[PDB]
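Below: one structure, written as structure tokens.
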Amino acid sequence: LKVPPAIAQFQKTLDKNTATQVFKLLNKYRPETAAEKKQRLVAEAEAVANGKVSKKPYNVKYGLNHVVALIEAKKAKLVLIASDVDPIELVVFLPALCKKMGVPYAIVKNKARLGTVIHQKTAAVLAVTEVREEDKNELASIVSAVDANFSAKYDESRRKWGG
Amino acid sequence: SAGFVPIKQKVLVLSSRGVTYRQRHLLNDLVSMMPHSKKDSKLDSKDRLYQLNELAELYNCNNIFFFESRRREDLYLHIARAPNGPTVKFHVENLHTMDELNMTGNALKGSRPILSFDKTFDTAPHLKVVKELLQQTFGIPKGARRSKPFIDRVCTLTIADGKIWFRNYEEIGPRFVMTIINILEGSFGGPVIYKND
Amino acid sequence: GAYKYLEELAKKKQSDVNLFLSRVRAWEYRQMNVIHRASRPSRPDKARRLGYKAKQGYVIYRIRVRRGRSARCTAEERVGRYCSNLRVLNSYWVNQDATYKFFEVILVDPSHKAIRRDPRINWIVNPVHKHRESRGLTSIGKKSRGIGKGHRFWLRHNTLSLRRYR
Amino acid sequence: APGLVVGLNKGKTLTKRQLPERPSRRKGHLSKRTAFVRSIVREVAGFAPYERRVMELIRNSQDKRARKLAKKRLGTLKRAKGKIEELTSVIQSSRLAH
Amino acid sequence: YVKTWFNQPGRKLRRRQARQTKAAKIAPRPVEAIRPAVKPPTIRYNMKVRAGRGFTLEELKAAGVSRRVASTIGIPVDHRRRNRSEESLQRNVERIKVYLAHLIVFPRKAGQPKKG
Amino acid sequence: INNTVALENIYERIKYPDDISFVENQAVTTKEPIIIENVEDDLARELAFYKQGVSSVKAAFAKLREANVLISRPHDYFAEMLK
Amino acid sequence: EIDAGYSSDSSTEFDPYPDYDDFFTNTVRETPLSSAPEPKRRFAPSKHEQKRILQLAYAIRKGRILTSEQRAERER
Amino acid sequence: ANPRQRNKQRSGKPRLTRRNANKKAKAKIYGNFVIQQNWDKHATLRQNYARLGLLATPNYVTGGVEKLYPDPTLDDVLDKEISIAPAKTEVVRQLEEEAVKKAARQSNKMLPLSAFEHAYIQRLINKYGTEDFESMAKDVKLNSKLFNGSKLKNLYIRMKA
RNA sequence: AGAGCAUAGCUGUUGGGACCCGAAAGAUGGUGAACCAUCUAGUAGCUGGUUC
RNA sequence: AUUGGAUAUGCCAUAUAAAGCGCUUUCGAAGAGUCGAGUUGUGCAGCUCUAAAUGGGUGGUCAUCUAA
RNA sequence: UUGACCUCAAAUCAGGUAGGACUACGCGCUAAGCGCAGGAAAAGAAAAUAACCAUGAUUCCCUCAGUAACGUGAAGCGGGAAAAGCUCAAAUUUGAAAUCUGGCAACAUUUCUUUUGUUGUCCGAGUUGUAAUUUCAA
């Protein structure tokens, strides 16, 4: 058949170098594991039991409903969509929603790579909303690359029927 | 444009939600009686009758036949002229369909019938309008599609005890007690100008 | 979040996105058995509003019925006999073509402790809920027998009630 | 005394009350979020084959034919009027950016 | 088929015992809940007063019984019914007031954790 | 209600052209009122209707013959009947 | 008026693969989609872990949970 | 008649005869203790309620009652405050007092503070005072849990006791 | 310047299997290569009978 | 001897918690091959088409409900 | 060359469950046939009536009423029995998946050495969404 433009736009993913750079920044903001989080809580629990303030965390945002609500909140600075969601309808609107709400987005390879970042088997989509001040330049540099290598590229190919 | 091969008269026949087998068969018989009736689908709205002109304009009909079955118990028939025109609301009772055994007539489809009207219609100006509207509608205009040059039926309307008896003769079969309810000056709108009482 | 987007997309069914998916997915569904297990619902929004939770004990089964009883009613019954250790929760239309109508059936495992201990789905463990599809007790079973509230919707008639003092 | 009297009558004196509106009656009110979602999905999903036919008929100023198709397609003039008005808005919005 | 009424007095007795059983369980409190007084909905019966289902949310607000604690003391709440006239409001607000006048609610044990 | 002046004006405005042929107009409205006062009874109403129909048929047949309208249905010419 | 005419196609007797059309996302929305006020909870330390910390402390006090020092020294 | 029923007649095994047929048997009152100690096990619940001075129904009665002996405005119905009602019998008086006394025993609804709460409110108090709770709420360095001025007032009021 | 309402009895009559017995069928579901079980107390102007 | 729901009382109680009702210069999501329309068979089902957002359903512009 | 995920398989792997009978009463498909339940079932908290001074889930009884409607044959109201209300989907927990099955190890507990749990730990499920909060009466 002839793939519609909204479904063909997923075949033109993000390239080697930019994806590797994107995942390098994501891996500095991975969420905290279930095994580690318990250790952090029992450390704080033991501190309060013997005798007795912290800072807000900084981790990448995941979850389809959570991220879509972050795009519509104009909070997400970068949205990374898996290219192989089994029901494609789950993300078929995400590129158009990101275009409408002025968010930089990219379609990257494999849900597992996004899944690995957040200690899950699979992640449909990932969003970066806030980064540490030390890495504001790195996120800004990556977003520029996504604009140049994903949004500036293709562009016309996402409006043409695929296949 | 305005219209190609313009036939003088066309008829738009509708029914409301809440119609019955006796009522539908009556609607089918009248639609089959005349070839310039454009049978259409129900009107889901029983409130904004002003949209009826939109159906008439779209379907290129000038005569509107709307069936309103209130309480799905009594049949009210509105006859109106699509461009402005007077809207006349009628009552229908004593249903006889094509399956009844007193039926003995058989006419020809598309044959233009002869219009015979009661002389009491000329006694009152509102009865003149009702008689005038009926002849322009039942009377099949010349050049109508699926119309035959033969003549095989005559429609007889007699005003007995204030109620019109519409009988078609070769009895053709359509039987009902035609009773006037009221008259609206506009196309399904405007102030009421006549109450039959 | 995105479940609102999924449902408004489902409304447009002849749309370019949906028509291409309906044709493609109908092909893949026809290549399988008549009744086959689905890893996840193909319309996760419809399953979710009908009762599906992504937890152990809930099962999705896809079935195809010959187009032209209600097909949706027949989908529930045939899946009910196939997975007879499960209770049928609900069922929803997913796909169709010129020959087949495709339905997905939500079933729960009544013997699973995660279902046996959820007070929200506890109710289906009780034996009064064996074969709700076999008795017209599902959503499309209830509608089929005109069960509802209104004026649109037998022993009491024919009996002669003879009272003690009469 | 804590008992009820059943039958008889009560003071026919009347004093009307203006009751507020119930939250169930709020249904059918368009939301800002639902308007946004429906416009996004309208764009993404594309248009039905009969919606394309209607939009091209409107494009060539064949409005009478366009309404005849939509009314036969959907099934009512009321649905046809809304579909024509929605697709006409789409045509104007697309014509702005096309 | 004939429905024969030979169990008319055996039903009568069974219903009395169900009342007796219901009391035995909650004997200090009435065997039936209280009901509002409502006017039947027609031109034929609107001059009668009959028992309703439950009290409206305007009636409970005016009396002083929040819709949560209303059911716990045997006051039914009908959310569907409303008060189109002040007569129905004041007739049933007074009914709740009289019922609360005769009410003896027995205190319950409340958890009192040792710490703060 | 019953605005006679308005109703008469509407009737005249929407009046069909009398210049149309009798066969073309297909109207047999005469001047002598064939209306039985006892039309409540079935027999009197049927007789009055039959008399009006007979007069209408005779007038139409004479007009059809004058206007060369073959009102006689031909057996060879087969067409779908109304009933 | 109506003229009771018959349409040229009255019953009484094209780029199947068009390009994507941006009639809605051609312009960027400036403001958030929801006007719901921000809850205070997002500006405060989480009550989820505070609930979890307190019930971890209780098990530490009751000896159900081996403390980090006791568990670490037990590994040796 | 039935084969299952002939199965039992033709076998020497006894039936599972259970003797639980007690007619005129009324249910015995558990639930309350004051009601149990003043319940005539013969009389009906209507009679027992009426003798005890209670109401069996707060509504009407759908039949004639037993007669044994030949016995010889909006603002006013909304702001009125009925002052309870007298207790006709001694059982109702006994129920009334025990409920009042039981309230007195369990009358300390007020809560003490804890170590965390006391240091939280005290630290806010020393810096901001004991009257400006609005400015207390708007502080974030000390009011880490981000309590509003109404929860701070309850902490301050509760700390004294 | 109201005579009805209820209950019971007798009598008549209408519908229920309908005073008792007796009529060629057919249907649903089975058995054996027609039979069997329900429907069925099938259909009555008729036959025979109908008790001090 | 098995247990019901209560009562009295002891010991624990993760309350840095969880509620009800005051207020609002803040918000308020609501179920689609469904509803509906056309046509056949026995409201329901088949088949063709197929929606909306103060909308939709059902009654007399009003009332009343708020489906899938 | 390795690993992650996906999809499909195998096992006399571990733990379960289904069938058949009864069927007076229940609920379905099509008296009979067929399917499926329980101690009752079904129904059930209005996309319900009404046109009033309005009513208020369901079921049952009386009445409406042999009425309306088109010989068939109700229903609103009215009298009574019993009365009980709620759960989700759709809004980010986002200052923290707060959620859950299982294995193992302890402990407790029993209509019961037969039952049923608690705590700890490890894996798995789950961000394609498990909890809390919310259900328009808001």
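Quick reminder, even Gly has a Cβ in these numbers, built from the backbone with ideal geometry, and neighbours come from all protein chains shown. Nothing in this text is a laboratory measurement; each read-out follows from the coordinates by a stated rule.
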Exercise for review: With a ≥ b ≥ c taken as the square roots of the eigenvalues of the C-alpha gyration tensor of chain A, please select rounded if a/c is under 1.5 and otherwise prolate if a/b is larger than b/c or oblate if it is not?
Suggested key: prolate
Review point. Against the longest principal axis of chain F, how steep is helix F:42-66, in degrees 0 to 90 to the nearest 10, with axes from Cα atoms?
Key: 60
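Tell me, which longest segment in chain F has none of the chymotrypsin sites (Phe, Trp or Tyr not before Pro) that fall in DSSP loops with at most 15 further Cβ atoms within 10 Å?
The segment F:1-76 is the longest one with no such site.
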Study note, to complete from the structure: Any residue on another chain or 5+ positions along whose placed amide H is under 5 Å from the amide H of A:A76 is listed here as A:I71
Revision key, fill the gap. Between the alpha carbon centres of segment D:52-71 and segment B:7-55 the gap in Å comes to 24
Practice item. Assign unit charges at the C-beta atoms only (+1 for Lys and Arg, -1 for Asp and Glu), then state the dipole size of the protein assembly as shown relative to its Cα centre in Debye, rounded to the nearest 20. Key: 8280
Exercise for review: Sum -39500 (n - 2.57) across every DSSP H segment of at least 4 residues in chain D, then divide by the residue count to get the 222 nm mean residue ellipticity, nearest 500.
Suggested key: -19000 deg cm²/dmol
Practice item. Evaluate the relative contact order of segment B:57-165 (contact order divided by residue number), counting alpha-carbon pairs under 8 angstrom at least 6 apart; express in whole percent. Key: 23
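Normalised by the number of residues in chain F, what is the relative contact order in percent for Cα pairs under 8 Å and 6+ residues apart? Let's see the in-between values first.
Working: 32 pairs, mean separation 21.1, N = 83.
Once normalised by length, the contact order is 25 percent.
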Check your understanding: Using alpha carbon centroids, what distance separates segment H:47-84 and segment H:96-161, in Å?
Key -> 46
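Name the shape class, rounded, prolate or oblate, that the alpha-carbon gyration tensor gives for chain D, where a ≥ b ≥ c are the square roots of its eigenvalues, rounded holds for a/c under 1.5, and otherwise prolate holds if a/b is larger than b/c and oblate otherwise.
Numbers: a/c = 4.22, a/b = 2.80, b/c = 1.50.
Because a/c hits 1.5 or more and a/b exceeds b/c, chain D counts as prolate.
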Review point. Where does the longest stretch of chain F lie that holds no GluC sites (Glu not before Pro) found in a DSSP loop with 14 or fewer other Cβ atoms within 10 Å?
Key: F:41-79
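Under the classification rounded if a/c is under 1.5, otherwise prolate if a/b is larger than b/c and oblate if not, where does segment A:1-58 fall, given a ≥ b ≥ c as square roots of the Cα gyration tensor eigenvalues? The partial results should precede the final answer.
Details: a/c = 4.59, a/b = 3.19, b/c = 1.44.
Verdict is prolate for segment A:1-58.
Which whole-number percentage describes the relative contact order of chain D, with Cα contacts under 8 Å and a sequence gap of 6 or more?
Working: 31 pairs, mean separation 17.4, N = 98.
After rounding, I find 18 percent.
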Point to revise | Per-pair calculated FRET efficiency, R0 = 45 Å: D:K12 and C:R81 via Cβ, rounded to 0.05 | key: 0.10
**Study point:** Hydrodynamic radius of the protein assembly as shown per Kirkwood, over alpha carbon pairs, in Å
**Key:** 39.1
Check your understanding: How many nm separate the modelled label positions at H:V65 and H:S135, each set 7 Å beyond the Cα in the direction of the Cβ?
Key -> 6.8
Revision key, fill the gap. Amide H proximity to A:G162 below 5 Å, modelled H, separation 5+ or other chain, gives A:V3, A:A8
Revision key, fill the gap. Site E:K61, offset 7 angstrom along Cα→Cβ, radius 17 Å on amide nitrogen, limited to segment E:77-116, gives E:77-94
Check your understanding: Of A:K75/C:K46; E:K25/H:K8; B:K119/F:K63; A:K100/D:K71; C:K11/C:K142, which ones are farther than 31 Å apart at the Cα?
Key -> E:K25/H:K8; A:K100/D:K71
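Divide, for chain F, the radius of gyration over alpha carbons by 2.2 N^0.38 Å, where N is the residue count. Walk me through the numbers before you get to the answer.
Numbers: Rg = 17.6 Å, N = 83, 2.2 N^0.38 = 11.8 Å.
My calculation over the Cα atoms of chain F gives 1.49.
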Review point. Hey, which of these cross-link pairs are over 27 Å Cα-Cα: B:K148/F:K58; E:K109/H:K145; C:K149/E:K39; D:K16/E:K39; A:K55/H:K151; A:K61/G:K47?
Key: E:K109/H:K145
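If I take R0 = 22 Å and measure r between the Cβ atoms of G:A72 and A:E36 in this structure, what FRET efficiency does the formula 1/(1 + (r/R0)^6) give, to the nearest 0.05? Write out the running numbers ahead of the final one.
On the way: r = 15 Å, r/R0 = 0.70.
Efficiency, from the Cβ-Cβ distance: 0.90.
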Point to revise | HN-Hα J in Hz across segment H:50-61 - Karplus 6.51, -1.76, 1.60, θ = phi - 60°, x for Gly and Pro | key: 5, 5, 5, x, 10, 9, 6, 10, x, 9, 6, 10
Exercise for review: Consider a paramagnetic label point 7 Å from the Cα of G:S35 along Cα→Cβ; state which residues of segment A:60-82 have an amide N under 19 Å from it.
Suggested key: A:72-74
Review point. Projected onto the charge dipole of the protein assembly as shown (+1 at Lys/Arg Cβ, -1 at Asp/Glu Cβ, origin at the Cα centre), which of A:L70, F:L82, B:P149 gives the Cα projection farthest towards the positive end?
Key: A:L70
Review point. How big is the gap, in Å, between the Cα center of segment C:81-133 and the Cα center of segment A:50-74?
Key: 36
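Report, to one decimal in Å, the Kirkwood hydrodynamic radius for segment H:7-161 based on all distinct Cα pairs.
Numbers: mean 1/r = 0.0424 Å⁻¹.
Kirkwood radius, segment H:7-161: 23.6 Å.
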Check your understanding: How far is it, in nm, from the label point at E:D78 to the one at H:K101 when both lie 7 Å from their Cα along the line to the Cβ?
Key -> 4.3
Check your understanding: So how tilted is helix F:4-13 from the main axis of chain F? Cα-based, degrees 0 to 90, rounded to 10.
Key -> 30
Check your understanding: Under a 5 Å amide H to amide H cut-off, with H placed in plane at 1.01 Å, what residues pair with C:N90 once short-range neighbours are removed?
Key -> C:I106
Study note, to complete from the structure: Across 5 Å bins beginning at 0, the whole-percent shares of Cα-Cα pair distances in chain B come to 1, 7, 15, 20, 22, 19, 11, 4, 1, 0
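How much FRET efficiency would the formula 1/(1 + (r/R0)^6) give for E:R14 and E:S85, where r is the Cβ-Cβ distance and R0 is 41 Å, rounded to 0.05? Spell out each step's value before the answer.
Values: r = 42 Å, r/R0 = 1.02.
The pair E:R14/E:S85 has a calculated efficiency of 0.50.
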Study note, to complete from the structure: The simple spin-label model distance between H:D76 and F:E8, using points 7 Å out along Cα→Cβ, in nm, is 6.7
**Study point:** Volume per residue that the Cα convex hull of segment C:2-145 spans, once the total is divided by residue count, Å³
**Key:** 118
**Study point:** Phi to ³J(HN,Hα) by Karplus 6.51 cos²θ - 1.76 cosθ + 1.60 over segment G:44-52, Hz, x for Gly, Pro
**Key:** 10, x, 4, 7, 5, 6, 4, 5, 6
